[PDB]
file query_21.csv (CSV, C-alpha atoms and all ligand atoms)
chain,number,residue,atom,x,y,z
F,1,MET,CA,0.0,0.0,0.0
F,2,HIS,CA,3.0,2.3,0.2
F,3,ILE,CA,2.2,5.7,-1.3
F,4,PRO,CA,4.8,7.0,-3.8
F,5,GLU,CA,6.1,10.6,-4.2
F,6,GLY,CA,3.7,13.1,-5.8
F,7,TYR,CA,0.5,11.3,-4.8
F,8,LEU,CA,-0.2,13.6,-1.8
F,9,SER,CA,-0.2,17.3,-1.6
F,10,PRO,CA,2.6,18.8,0.6
F,11,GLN,CA,-0.2,19.8,3.0
F,12,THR,CA,-1.5,16.2,3.3
F,13,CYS,CA,2.1,15.0,3.8
F,14,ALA,CA,2.7,17.6,6.4
F,15,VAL,CA,-0.5,16.6,8.2
F,16,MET,CA,0.3,12.9,8.4
F,17,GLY,CA,3.8,13.7,9.7
F,18,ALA,CA,2.4,15.9,12.4
F,19,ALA,CA,-0.1,13.1,13.4
F,20,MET,CA,2.7,10.6,13.3
F,21,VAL,CA,5.1,12.5,15.4
F,22,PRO,CA,3.3,12.1,18.7
F,23,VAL,CA,2.8,8.4,18.0
F,24,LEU,CA,6.5,7.7,17.6
F,25,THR,CA,7.3,10.0,20.5
F,26,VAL,CA,5.0,8.0,22.8
F,27,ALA,CA,6.3,4.7,21.5
F,28,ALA,CA,9.9,5.7,22.2
F,29,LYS,CA,9.0,6.7,25.7
F,30,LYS,CA,7.1,3.5,26.4
F,31,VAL,CA,10.1,1.6,24.9
F,32,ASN,CA,12.4,3.9,26.8
F,33,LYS,CA,10.6,3.0,30.0
F,34,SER,CA,11.2,-0.8,29.4
F,35,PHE,CA,14.8,-1.4,28.4
F,36,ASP,CA,17.2,-4.3,28.6
F,37,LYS,CA,20.3,-4.0,26.3
F,38,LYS,CA,18.5,-6.8,24.4
F,39,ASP,CA,15.0,-5.7,23.3
F,40,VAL,CA,16.8,-3.3,20.9
F,41,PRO,CA,18.0,-6.4,18.9
F,42,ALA,CA,14.5,-7.8,18.9
F,43,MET,CA,13.2,-4.6,17.3
F,44,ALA,CA,15.8,-4.8,14.6
F,45,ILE,CA,15.0,-8.4,13.7
F,46,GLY,CA,11.3,-7.7,13.6
F,47,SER,CA,12.0,-4.7,11.5
F,48,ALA,CA,14.2,-6.8,9.1
F,49,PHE,CA,11.5,-9.4,8.9
F,50,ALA,CA,8.7,-7.0,8.1
F,51,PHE,CA,10.9,-5.2,5.5
F,52,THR,CA,11.6,-8.5,3.8
F,53,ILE,CA,7.9,-9.4,3.7
F,54,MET,CA,6.9,-6.1,2.2
F,55,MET,CA,9.2,-6.6,-0.6
F,56,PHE,CA,6.8,-9.1,-2.1
F,57,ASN,CA,4.1,-6.8,-3.6
F,58,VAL,CA,1.8,-6.2,-6.6
F,59,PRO,CA,0.4,-3.1,-8.3
F,60,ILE,CA,-3.3,-2.3,-7.7
F,61,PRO,CA,-4.6,-0.4,-10.7
F,62,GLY,CA,-6.5,2.6,-9.2
F,63,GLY,CA,-4.7,2.3,-5.9
F,64,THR,CA,-1.0,1.7,-5.1
F,65,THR,CA,0.4,-1.7,-4.3
F,66,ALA,CA,-0.5,-4.7,-2.2
F,67,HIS,CA,1.5,-6.8,0.1
F,68,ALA,CA,1.4,-8.2,3.6
F,69,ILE,CA,3.2,-6.5,6.4
F,70,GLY,CA,3.6,-8.8,9.5
F,71,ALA,CA,2.4,-5.9,11.6
F,72,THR,CA,0.1,-7.7,13.9
F,73,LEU,CA,2.6,-10.4,14.3
F,74,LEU,CA,5.1,-7.7,15.5
F,75,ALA,CA,2.6,-6.1,17.8
F,76,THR,CA,1.6,-9.4,19.4
F,77,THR,CA,5.2,-10.5,19.9
F,78,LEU,CA,6.9,-7.2,20.9
F,79,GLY,CA,3.9,-5.1,22.1
F,80,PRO,CA,2.5,-2.6,19.7
F,81,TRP,CA,4.7,0.4,20.6
F,82,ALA,CA,7.8,-1.4,19.9
F,83,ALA,CA,6.3,-2.8,16.7
F,84,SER,CA,5.4,0.7,15.6
F,85,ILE,CA,8.9,1.8,16.1
F,86,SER,CA,10.2,-1.3,14.3
F,87,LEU,CA,7.9,-0.7,11.4
F,88,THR,CA,8.6,3.0,11.1
F,89,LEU,CA,12.2,2.2,11.0
F,90,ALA,CA,11.7,-0.3,8.1
F,91,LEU,CA,9.7,2.2,6.1
F,92,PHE,CA,12.3,4.9,6.7
F,93,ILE,CA,14.9,2.5,5.3
F,94,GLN,CA,12.8,1.7,2.3
F,95,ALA,CA,12.3,5.4,1.7
F,96,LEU,CA,15.8,6.6,2.1
F,97,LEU,CA,17.6,3.7,0.5
F,98,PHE,CA,15.2,2.1,-1.9
F,99,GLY,CA,13.0,4.8,-3.4
F,100,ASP,CA,10.2,2.6,-2.1
F,101,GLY,CA,7.4,4.8,-0.7
F,102,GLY,CA,7.8,8.6,-0.9
F,103,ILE,CA,10.1,10.4,1.5
F,104,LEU,CA,7.6,13.2,1.9
F,105,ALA,CA,5.1,10.3,2.2
F,106,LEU,CA,6.8,9.0,5.4
F,107,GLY,CA,4.2,10.4,7.7
F,108,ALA,CA,1.3,8.8,5.8
F,109,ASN,CA,2.7,5.3,5.3
F,110,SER,CA,3.8,5.2,8.9
F,111,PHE,CA,0.4,6.4,10.0
F,112,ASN,CA,-1.1,3.5,8.0
F,113,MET,CA,1.3,0.7,8.3
F,114,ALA,CA,3.2,1.6,11.5
F,115,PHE,CA,0.3,2.9,13.5
F,116,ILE,CA,-3.1,1.8,12.4
F,117,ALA,CA,-2.2,-1.7,11.3
F,118,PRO,CA,-0.4,-2.9,14.4
F,119,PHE,CA,-2.7,-1.1,16.8
F,120,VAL,CA,-5.9,-2.3,15.2
F,121,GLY,CA,-4.5,-5.7,14.7
F,122,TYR,CA,-3.4,-5.9,18.3
F,123,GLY,CA,-6.8,-4.7,19.5
F,124,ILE,CA,-8.7,-7.3,17.5
F,125,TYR,CA,-6.3,-9.9,18.7
F,126,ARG,CA,-6.9,-8.9,22.4
F,127,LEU,CA,-10.6,-9.0,21.6
F,128,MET,CA,-10.5,-12.5,20.2
F,129,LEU,CA,-8.5,-13.5,23.2
F,130,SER,CA,-11.3,-12.2,25.4
F,131,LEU,CA,-13.7,-14.3,23.3
F,132,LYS,CA,-11.6,-17.2,24.4
F,133,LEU,CA,-10.0,-18.0,20.9
F,134,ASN,CA,-6.5,-19.4,20.9
F,135,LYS,CA,-3.7,-17.1,20.1
F,136,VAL,CA,-2.9,-18.4,16.7
F,137,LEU,CA,-6.4,-18.0,15.5
F,138,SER,CA,-6.8,-14.7,17.2
F,139,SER,CA,-3.6,-13.3,15.7
F,140,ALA,CA,-4.5,-14.4,12.2
F,141,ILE,CA,-7.8,-12.6,12.6
F,142,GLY,CA,-6.2,-9.5,14.0
F,143,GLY,CA,-3.7,-9.5,11.2
F,144,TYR,CA,-6.4,-9.6,8.6
F,145,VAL,CA,-8.4,-6.7,10.1
F,146,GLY,CA,-5.3,-4.6,10.8
F,147,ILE,CA,-4.0,-4.8,7.3
F,148,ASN,CA,-7.4,-4.1,5.8
F,149,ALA,CA,-7.8,-1.1,8.1
F,150,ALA,CA,-4.4,0.2,6.9
F,151,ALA,CA,-5.5,-0.4,3.3
F,152,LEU,CA,-8.7,1.6,3.9
F,153,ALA,CA,-6.9,4.4,5.5
F,154,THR,CA,-4.6,4.4,2.4
F,155,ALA,CA,-7.6,4.4,0.0
F,156,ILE,CA,-9.3,7.2,1.8
F,157,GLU,CA,-6.1,9.3,1.7
F,158,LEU,CA,-5.6,8.7,-2.0
F,159,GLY,CA,-9.3,9.0,-2.9
F,160,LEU,CA,-9.6,12.3,-1.1
F,161,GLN,CA,-6.9,13.9,-3.3
F,162,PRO,CA,-8.8,14.8,-6.4
F,163,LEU,CA,-11.7,16.2,-4.2
F,164,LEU,CA,-9.4,18.4,-2.1
F,165,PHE,CA,-6.6,19.4,-4.4
F,166,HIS,CA,-7.4,20.4,-8.0
F,167,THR,CA,-6.9,23.1,-10.6
F,168,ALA,CA,-9.4,25.8,-11.4
F,169,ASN,CA,-10.3,23.5,-14.3
F,170,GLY,CA,-11.4,20.7,-12.1
F,171,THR,CA,-8.2,18.9,-13.0
F,172,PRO,CA,-6.7,16.7,-10.2
F,173,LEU,CA,-3.3,18.0,-9.1
F,174,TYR,CA,-2.1,14.8,-7.5
F,175,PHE,CA,-3.6,11.3,-7.2
F,176,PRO,CA,-6.4,11.6,-9.8
F,177,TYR,CA,-8.9,8.9,-8.7
F,178,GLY,CA,-11.7,9.3,-6.2
F,179,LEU,CA,-13.1,7.3,-3.4
F,180,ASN,CA,-15.4,5.4,-5.9
F,181,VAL,CA,-12.3,4.1,-7.5
F,182,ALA,CA,-9.7,4.0,-4.7
F,183,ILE,CA,-11.7,2.2,-2.1
F,184,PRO,CA,-12.8,-0.7,-4.2
F,185,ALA,CA,-9.3,-1.2,-5.7
F,186,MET,CA,-7.4,-1.1,-2.4
F,187,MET,CA,-10.0,-2.9,-0.4
F,188,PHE,CA,-10.7,-5.7,-3.0
F,189,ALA,CA,-6.9,-6.4,-3.1
F,190,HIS,CA,-6.5,-6.4,0.6
F,191,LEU,CA,-9.8,-8.1,1.6
F,192,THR,CA,-9.1,-11.1,-0.6
F,193,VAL,CA,-5.6,-12.2,-1.3
F,194,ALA,CA,-3.1,-10.0,0.7
F,195,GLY,CA,-5.1,-10.2,3.9
F,196,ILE,CA,-5.1,-14.0,3.6
F,197,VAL,CA,-1.4,-14.0,3.2
F,198,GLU,CA,-1.0,-11.7,6.2
F,199,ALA,CA,-3.2,-13.9,8.3
F,200,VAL,CA,-1.4,-17.0,7.4
F,201,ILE,CA,2.0,-15.6,8.0
F,202,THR,CA,1.1,-14.0,11.3
F,203,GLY,CA,-0.5,-17.3,12.5
F,204,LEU,CA,2.3,-19.4,11.1
F,205,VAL,CA,5.0,-17.5,13.0
F,206,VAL,CA,2.9,-17.4,16.2
F,207,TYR,CA,2.2,-21.1,16.1
F,208,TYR,CA,5.8,-21.7,15.5
F,209,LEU,CA,6.9,-19.5,18.5
F,210,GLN,CA,4.1,-21.1,20.6
F,211,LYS,CA,5.4,-24.6,20.5
F,212,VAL,CA,9.1,-23.7,20.6
F,213,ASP,CA,8.4,-22.2,24.0
F,214,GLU,CA,5.9,-25.1,24.8
F,215,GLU,CA,9.0,-27.4,24.9
F,216,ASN,CA,12.5,-26.7,26.0
F,217,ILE,CA,11.4,-27.9,29.4
F,218,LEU,CA,13.7,-25.1,30.9
F,219,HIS,CA,10.8,-22.7,30.0
F,220,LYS,CA,8.2,-24.1,32.4
F,221,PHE,CA,10.5,-23.1,35.3
F,222,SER,CA,11.7,-19.8,34.2
F,223,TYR,CA,8.6,-18.0,32.7
F,224,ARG,CA,7.2,-16.9,36.1
F,225,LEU,CA,10.5,-15.2,36.7
F,226,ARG,CA,10.5,-13.2,33.5
F,227,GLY,CA,10.9,-9.8,35.1
W,1,NI,NI,2.8,-0.7,0.7
call {"tool": "encode", "arguments": {"input": "query_21.csv", "output": "structure tokens"}}
result
Amino acid sequence: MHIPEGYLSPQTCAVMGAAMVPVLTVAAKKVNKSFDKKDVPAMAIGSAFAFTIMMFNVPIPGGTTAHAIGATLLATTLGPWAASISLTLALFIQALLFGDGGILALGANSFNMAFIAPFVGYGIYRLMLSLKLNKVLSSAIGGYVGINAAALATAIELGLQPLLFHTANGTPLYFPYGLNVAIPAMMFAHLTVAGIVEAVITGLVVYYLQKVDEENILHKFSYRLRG
């Protein structure tokens, strides 16, 4: 869903950066509150994992691109704040080093993929947990909803462009397609294939982490001491 350069007005870009600033500020403090030398490495690995996942994507005509993120997976494993930092970091790398996602677009994509996706996904996850679903199932479900929410947010941001930013001739200055085009394109891509991929990946890794703990008998003694 990464939005490229020139799709959003400088004003839109500015807005999302301003909205995203407090989010990252808070995440940092929360993370800052909870350090061992070691959770920093964790963030990096997650970040590298997400980055790698995102590299597998397809164009959506009338929208941007589609791919999975691993966002809810990160929120559920690291806590959402750390995930948002991890995720923001990956997009920043993509932007500065790969021309993938606009640099001016950093505020928007992070708002979508580093804030909305992991926070929504985490919330649905917690909700499904409260409905007594196992973590695997729950996380796959959270993953689906989180990524579709991010896609929606993207679609609304693109689709609003011709409405808000146009020439005196009615000519779109940036992204040229409306909500009528953008919502269906982005949501159809994300509600069907990509969201399934996200769910399966999130669930797969959780399952895998679940039973790895579930063994090394060592674990059953030391998990009540995790402090
Ligand atoms: Ni993207």
call {"tool": "closest_residue", "arguments": {"input": "query_21.csv", "among": "F:139, F:9, F:154, F:134", "to": "ligand NI 1 (chain W)", "atoms": "only C-alpha atoms and all ligand atoms"}}
result
F:154
call {"tool": "closest_residue", "arguments": {"input": "query_21.csv", "among": "F:80, F:227, F:195, F:176", "to": "residue 43 of chain F", "atoms": "all atoms listed in the file"}}
result
F:80
call {"tool": "atom_distance", "arguments": {"input": "query_21.csv", "atom1": "atom CA of residue 188 of chain F", "atom2": "atom CA of residue 160 of chain F"}}
result
18.1 Å
call {"tool": "residues_near_ligand", "arguments": {"input": "query_21.csv", "ligand": "ligand NI 1 (chain W)", "cutoff": "7 Å", "atoms": "all atoms listed in the file", "output": "MDAnalysis selection string"}}
result
chainID F and resid 1:3 54 65:67
call {"tool": "write_last_selection", "arguments": {"input": "query_21.csv", "atoms": "C-alpha atoms", "output": "compact mmCIF listing (two decimals), in the coordinates of the input"}}
result
# COMPACT_ATOMS: atom_id res chain seq x y z
CA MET F 1 0.00 0.00 0.00
CA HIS F 2 3.00 2.30 0.20
CA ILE F 3 2.20 5.70 -1.30
CA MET F 54 6.90 -6.10 2.20
CA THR F 65 0.40 -1.70 -4.30
CA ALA F 66 -0.50 -4.70 -2.20
CA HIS F 67 1.50 -6.80 0.10
call {"tool": "closest_residue", "arguments": {"input": "query_21.csv", "among": "F:93, F:45, F:140, F:153", "to": "residue 115 of chain F", "atoms": "all atoms listed in the file"}}
result
F:153
call {"tool": "closest_atom_pairs", "arguments": {"input": "query_21.csv", "of": "segment 31-88 of chain F", "to": "segment 19-27 of chain F", "cutoff": "9 Å", "atoms": "all atoms listed in the file", "output": "CSV"}}
result
residue,atom,partner,partner_atom,distance
F:31,CA,F:27,CA,6.0
F:32,CA,F:27,CA,8.1
F:80,CA,F:27,CA,8.4
F:81,CA,F:27,CA,4.7
F:82,CA,F:27,CA,6.5
F:83,CA,F:27,CA,8.9
F:84,CA,F:27,CA,7.2
F:85,CA,F:24,CA,6.5
F:88,CA,F:24,CA,8.3
call {"tool": "atom_distance", "arguments": {"input": "query_21.csv", "atom1": "atom CA of residue 60 of chain F", "atom2": "atom CA of residue 193 of chain F"}}
result
12.0 Å
